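The chain below stands alone and is given as structure tokens, in the form deposited in one PDB entry.
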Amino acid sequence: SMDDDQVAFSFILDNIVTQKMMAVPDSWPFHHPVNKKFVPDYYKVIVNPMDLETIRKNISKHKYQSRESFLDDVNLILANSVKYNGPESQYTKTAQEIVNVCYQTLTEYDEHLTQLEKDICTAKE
């Protein structure tokens, strides 16, 4: 957490969110938790809400020690959209672009994230 490997790892994840996932066109509705004022039934239907701001807060708190836990929350954003909006909703297509560019960027950074993950895991000993 305070160690530089965790901080460097969190920094890379935050940059994927801000530079790539939040840059997806029309992605604003995913940037923050759903507003109940405009979507009144949302929290009755979706039991485990997730959004990009919540992911960034988790990164800031160093919640993620590897990409598997990060991806679990990223994929939950899409899972909720399929359930709430439907599999062919414009909003679900946006969520899929967000998820897709996240995976693509992780791949571009693989060798580097792999090293940080290994060292973070090593230090947990």
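For every residue, the number given is its place in the sequence shown, counted from 1.
Heads up, the form solved in complex with a small molecule isn't pictured, but that's what we're talking about next.
Across the proposed site, 66, 103 and 105 without exception lack any heavy atom within 4.5 Å of the small molecule in the deposited bound form.
Contact check for residue 85: a non-hydrogen atom falls within 4.5 Å of the small molecule in the deposited bound form. When the small molecule is considered in the deposited bound form, residue 30 lines it closely, a heavy atom lying within 4.5 Å. Taking the partner from the other structure, the small molecule in the deposited bound form has a heavy atom within 4.5 Å of a heavy atom of residue 34.
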